[PDB]
Amino acid sequence: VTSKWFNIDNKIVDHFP
Amino acid sequence: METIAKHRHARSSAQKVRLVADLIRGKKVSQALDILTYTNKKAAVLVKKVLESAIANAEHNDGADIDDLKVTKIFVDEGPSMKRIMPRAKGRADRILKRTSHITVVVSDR
Amino acid sequence: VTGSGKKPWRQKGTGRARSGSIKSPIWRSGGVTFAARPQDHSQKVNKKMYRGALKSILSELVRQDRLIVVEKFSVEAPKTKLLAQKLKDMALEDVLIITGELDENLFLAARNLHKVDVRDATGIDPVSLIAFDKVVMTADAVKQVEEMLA
Amino acid sequence: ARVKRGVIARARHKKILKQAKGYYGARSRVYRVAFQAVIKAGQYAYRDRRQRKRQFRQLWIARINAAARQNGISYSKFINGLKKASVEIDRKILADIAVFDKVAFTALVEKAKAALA
Amino acid sequence: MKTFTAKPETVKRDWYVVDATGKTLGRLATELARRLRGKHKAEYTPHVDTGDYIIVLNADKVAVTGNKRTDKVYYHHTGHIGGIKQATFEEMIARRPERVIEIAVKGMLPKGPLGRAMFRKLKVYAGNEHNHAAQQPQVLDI
Amino acid sequence: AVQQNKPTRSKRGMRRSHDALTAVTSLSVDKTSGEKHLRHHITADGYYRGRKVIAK
RNA sequence: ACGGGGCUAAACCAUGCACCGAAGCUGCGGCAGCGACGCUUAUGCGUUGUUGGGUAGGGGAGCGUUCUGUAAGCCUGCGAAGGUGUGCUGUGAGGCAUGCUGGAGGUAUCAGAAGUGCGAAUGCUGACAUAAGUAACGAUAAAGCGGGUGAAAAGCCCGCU
RNA sequence: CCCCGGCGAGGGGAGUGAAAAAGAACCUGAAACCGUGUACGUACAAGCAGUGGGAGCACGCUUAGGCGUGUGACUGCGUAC
Ligand SMILES: N[C@@H](Cc1c[nH]c2ccccc12)C(=O)O
Ligand SMILES: [K+]
Ligand SMILES: [K+]
Ligand SMILES: [K+]
Ligand SMILES: [K+]
Ligand SMILES: [K+]
Ligand SMILES: [K+]
Ligand SMILES: [K+]
Ligand SMILES: [K+]
Ligand SMILES: [K+]
Ligand SMILES: [Mg+2]
Ligand SMILES: [Mg+2]
Ligand SMILES: [Mg+2]
Ligand SMILES: [Mg+2]
Ligand SMILES: [Mg+2]
Ligand SMILES: [Mg+2]
Ligand SMILES: [Mg+2]
Ligand SMILES: [Mg+2]
Ligand SMILES: [Mg+2]
Ligand SMILES: [Mg+2]
Ligand SMILES: [Mg+2]
Ligand SMILES: [Mg+2]
Ligand SMILES: [Mg+2]
Ligand SMILES: [Mg+2]
Ligand SMILES: [Mg+2]
Ligand SMILES: [Mg+2]
Ligand SMILES: [Mg+2]
Ligand SMILES: [Mg+2]
Ligand SMILES: [Mg+2]
Ligand SMILES: [Mg+2]
Ligand SMILES: [Mg+2]
Ligand SMILES: [Mg+2]
Ligand SMILES: [Mg+2]
Ligand SMILES: [Mg+2]
Ligand SMILES: [Mg+2]
Ligand SMILES: [Mg+2]
Ligand SMILES: [Mg+2]
Ligand SMILES: [Mg+2]
Ligand SMILES: [Mg+2]
Ligand SMILES: [Mg+2]
C-alpha cells in the first residue's frame, strides 16, 4: 500500500531546513 | 446428580454472554428462568435454551425433580473465530473477527 | 530455490524491515545458508600404516585366544544344514572363515547364516577381524597372509 | 544430519518459568520477561547475603544499647568494659541474653562497670 | 538459633504523661521519638511498633532558644499554583499550639505505614488537662 | 493518541467492575390470572390489574 | 544555598579516650589454578607457599541435541517416544528416579559425523492479545398503522395513508 | 432408538469399539491468550514490583516440638534487557 499522505507532504515532513 | 447441557459454536462474543451468565449463577431453576425472561439481551435467549435443555436432560436421563434443581456451575468459553475482511479507506484492509462461544450450564439438586 | 529475483517491497517508506529476495535463508521457504553438496568422505591410509594395523590386530587375536587354525575347512555339499551342523561341532556361533582359495560349496552354504562370513585370504579387512568373535583360518591361508604382510 | 530444536528449547524455557513462580503479570508467564527477572533476583540474592550480616549486627547492637541503658551505661562503655574484663561474648549472644535472661545481663553490666572503675 | 522477633499481638505498651512547660522544642522531641518507636526496650524490632503511648501537656509553653520565636518559619503548599504559605513560630503557638510539637516529632519518625502508626500514639494537649484518666498514665519526668 | 504501554489484564477487569447487569427484582402477580409480569405492564395473556384489556 | 527534623550546640578551634563503620583484614568450613618438597608415583596422592574482578581478545576443559557402528545386542503393551507434576543429585551446561496423560517405539558403553544450542537482526511464518465492547454501521428523499405468514416481524407479503 | 430445540444449530442419554476427552472441527494435544472453583492477601496507600528479614491465616504431617506447602501485613536495600 501507499504511505500516509502526511508523511509524503513536503510542508509537514521538511519542517527543519 | 449433576447434569450438563452445552451450546458449542454459539454466534456471539464470550464477553457478551458472560454478562448474562453472571445473573443466574447459584440460583434455583425456578428463579433463573424468569430472570432470563425479562433480561433484554440477545445472550439471554441463548442462555435460556441451554438452561431449558439442562432441565429436560435431568428429568429424562437422570429422573430428577424440577423443583429442587439449582444452577451450580455456569461458564462461557471462547470458540473459534471466523476471519473476515473489511475494506477501509485508501485501499487498506482490516481483519474482522466474528467471535463465538461455548456455553455450559450445569444443574443439580445437591 | 525456485522463484523470482524481484525485491518484495521498496527499500524505504513502508515501515517494514528491508528485504531483497524472497529466497533469503531468513525467510520461510528460503534457501539453506550453507547448503550441502555430494562429497567424498574417503581418507588416505599409508601402506605401512595399513599393514602395521593388520599385524597389530592379528597379534591380538592370538593373545585373546580368538584365532583358530585348521588345515582343512570345507563342506561336502552346498547345504546350509551341513555348515550349521559343522559349526555346532566346534562350538562356533559367530565366526569368520578365511580360506586359501574359496570353494563354491562353502560360499553357498554360508550365504544364509547371518553370523558367518566366508572369505579368502586376499579379501580380509581390519573391521571384520574385530567385528567377529572367533576367526577360523585354514593354514593354506595363514601362510598366504604372511607373504601379504611381508 | 538435521537437528530440530523442539524438545531442547522447551525444556530450557520451562526451567526459567519454574523459577519465576509468584511474580506479577508477564514476569511469571512470558519467557522474555521471566528470564530477565530471574537474573535480577539472583543479583539481589548475592548482594543480600552480604547485607544480612550487616542488618543483624545492626539489630543486635541496638538491643544491647537499650538493655544496657536500663542498667545505667551506654553501649560504647559497656563494650569497652567487657574488653577490659576479657569477656569474649559476641553481640549475637549478648542481644539474646538481653531479652531472655535479664538477670544474667545485669551480671555482665556489673562486670563491665568494675573493669572501668 | 534465630534472632528473637517481637510479635505485634503480644507486645506490651504503657502510658506516660509528659509536661512540656519550659522544655526546649527539639531536645524534647527526640526523647518522644525514641519512646514512640520503642528504642528504649530490649525487644526493639524495626518492623514492629513496640513503643509506648505518650500524653504531652502544656504544648503552648514549649521553649525555643535564640530569636527562633520570631524567625522560625513554617512553610506549606496547598497544591494550587502560587499557594505557598508561611507562619512564624509565634503565630503557630497562638493559632494552633499543638501542631508545633506534632510537626517536630513527625519529622523524627520513620516514613511509611509504620511511622504513621507510631504517630497515632502521641496525644498533644495545649492545656494542663487531659481526659485519659482511665488509662492511668505514669509521670515521665523527661 | 494511542497507548505507550499495553494495559494489563488487571486494569481491564477494574474498568469492567461497573459493566455488570442488574436483574429485575419486581415480578408481580396478576390478581385474576396469577401470571407474572413486569409492573405497570400487561401480562403475556393480555391482562392488566385484573381485567382483560386486549383481546388477542 | 544543613538531605530533613530540629540545634545556641547537635556550630567552630585545641587536646584525649571510647565506640560504629566495607565484599579490606582475621576466625571457621569448602572448591579450583600455579610453584616447591615428598607417604611414592605411573601420573595419581600427601605436605607447604601463593594466587583466583574483568570488556575486546588469547589458552584449557566439558554438557546436551540428530544421525552411523558396537546392535539380528539391550529396554519396552506387566506401557517406548512425547506431554505434565514431584523428589533426589552435580561447580555449571545438566543427570537420575517416579505419579498422571500417551499408546509404539527407544537405546547403554566406547568411537565417528554435524542443517548441533536463539530474546533481540523496524528478522520470516502461523496463532493469540491491547486499545474496546470503544469508533463506525456508506448521502438528512421519511415514515405511520392494520391484517397475513412464521419459533420469532421496525425491515418480507397485502392494504390504506 | 429416546429426550430438549425451529420437522434447526447444538447438546444429554443409549449403542459400537480396547479406547468416543478416538465422533468425523476426529493420533499425541505444548505455550502465548481466555475462564470457573478453592486457600491467603488487598479500599490512609506512592516508584523496574524483586531480594534480605518477618507476623498472621489455611491445609498436611507428627507429636510430650516444630517441620512441609500456599499466601505475604509490616520493614532494610534496590532506576529493566
Ligand atoms: N490530504 C488529501 C490530499 C492528498 C492525497 N495524497 C497526498 C499526498 C501528499 C499530500 C497530500 C495528499 C487526501 O488525503 O485526500
Ligand atoms: K519465478
Ligand atoms: K511417560
Ligand atoms: K524477533
Ligand atoms: K476487547
Ligand atoms: K445513514
Ligand atoms: K486418547
Ligand atoms: K483442543
Ligand atoms: K493450553
Ligand atoms: K520489601
Ligand atoms: Mg471508510
Ligand atoms: Mg478503491
Ligand atoms: Mg518505521
Ligand atoms: Mg526449502
Ligand atoms: Mg593403494
Ligand atoms: Mg542376505
Ligand atoms: Mg546531612
Ligand atoms: Mg570496634
Ligand atoms: Mg563485614
Ligand atoms: Mg568484608
Ligand atoms: Mg578478601
Ligand atoms: Mg577470572
Ligand atoms: Mg544408533
Ligand atoms: Mg531422544
Ligand atoms: Mg514419570
Ligand atoms: Mg542452526
Ligand atoms: Mg522464539
Ligand atoms: Mg542476544
Ligand atoms: Mg495455523
Ligand atoms: Mg477511549
Ligand atoms: Mg464516546
Ligand atoms: Mg457512535
Ligand atoms: Mg445505509
Ligand atoms: Mg406492521
Ligand atoms: Mg459406547
Ligand atoms: Mg496409532
Ligand atoms: Mg486430538
Ligand atoms: Mg488498609
Ligand atoms: Mg491522612
Ligand atoms: Mg524503580
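Within every chain, numbering begins at 1; the chains are lettered A, B, ... in the order of the sequence lines, protein sequences first and strands thereafter.
Of the residues in residues 24-38 of chain C, those placing a heavy atom less than 4.0 Å from an atom of RNA chain G are C/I26, C/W27, C/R28, C/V32, in numerical order. Of the residues in residues 14-22 of chain C, those placing a heavy atom less than 4.0 Å from an atom of RNA chain G are C/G15, C/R16, C/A17, in numerical order. Taking a 4.0 Å limit (strictly below) on heavy-atom distances, residues 54-65 of chain B reaches RNA chain H at B/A56, B/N57, B/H60, B/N61. In the region residues 3-12 of chain B, proximity to RNA chain H at under 4.0 angstrom, judged on heavy atoms, holds for B/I4, B/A5, B/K6, B/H7, B/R8, B/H9.
Residue D/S76 has no polar side-chain atom (N or O) positioned under 4.0 Å from OP1 or OP2 of G/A18. Side-chain nitrogen and oxygen atoms of D/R54 include at least one within less than 4.0 Å of the OP1 or OP2 phosphate oxygen of G/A23. At the phosphate of G/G6, OP1 or OP2 sits under 4.0 Å from a side-chain N or O atom of E/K72.
Below the 3.5 angstrom threshold, one finds a donor paired with an acceptor across the side chain of E/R27 and the base of G/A10.
Sugar pucker of H/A9: north, since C1'-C2'-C3'-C4' comes out positive. Judged by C1'-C2'-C3'-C4', the furanose ring of G/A142 adopts a south pucker.
With sequence neighbours left out, D/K18 forms a side chain to side chain contact (heavy atoms under 4.5 Å, CB included) with D/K21. Listed by chain and residue number, D/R49, D/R50 satisfy the side chain to side chain contact (heavy atoms under 4.5 Å, CB included) test with D/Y46 (two or more places apart in sequence, or in another chain). For C/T80, the side chain to side chain contact (heavy atoms under 4.5 Å, CB included) criterion is met by C/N112, C/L113, not counting sequence neighbours. Residues that satisfy the salt bridge (charged side-chain N to carboxylate O under 4.0 Å, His left out) test with B/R25, not counting sequence neighbours, are B/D22. Considering only residues two or more places apart in sequence or on other chains, D/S28 meets the side chain to side chain contact (heavy atoms under 4.5 Å, CB included) condition with D/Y23. A search for ring-ring contact (aromatic ring centres under 6.0 Å, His included) contacts involving E/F4 returns D/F100, not counting sequence neighbours.
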Margin query: How would you summarise protein contacts on nucleotides 129-135 of chain G per nucleotide, using B for base, S for sugar-phosphate only and - for none, with heavy-atom distances below 4.0 Å?
Written below: BBSSB--

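By the rule that a glycosidic angle within 90° of 0 means syn, G/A9 counts as syn. Base orientation for G/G77: syn, the chi torsion being within 90° of 0.
Closest to the D/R57 side chain, of the nucleotides G/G64, G/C20, G/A114, is G/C20.
When every heavy atom of E/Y44 is checked against every heavy atom of E/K39, the shortest pair comes out as CE1-CD, 3.6 Å. Scanning all heavy atoms of the two residues, the minimum distance from E/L36 to E/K121 falls at O-NZ, 2.9 Å.
The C1' atoms of G/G33 and G/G64 are separated by 27 Å, rounded to the nearest whole Å.
Base stacking between strand neighbours G/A71 and G/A72 is not detected by the criterion of six-membered ring centres within less than 5.5 Å and interplanar angle below 30°.
Of all nucleotides in RNA chain H having an atom under 4.0 Å from a heavy atom of chain E, the first and last in 5' to 3' order are H/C44 to H/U75.
Across all strands shown, G/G87 is found opposite G/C96 as a Watson-Crick or G-U wobble partner, with both distances under 3.5 Å.
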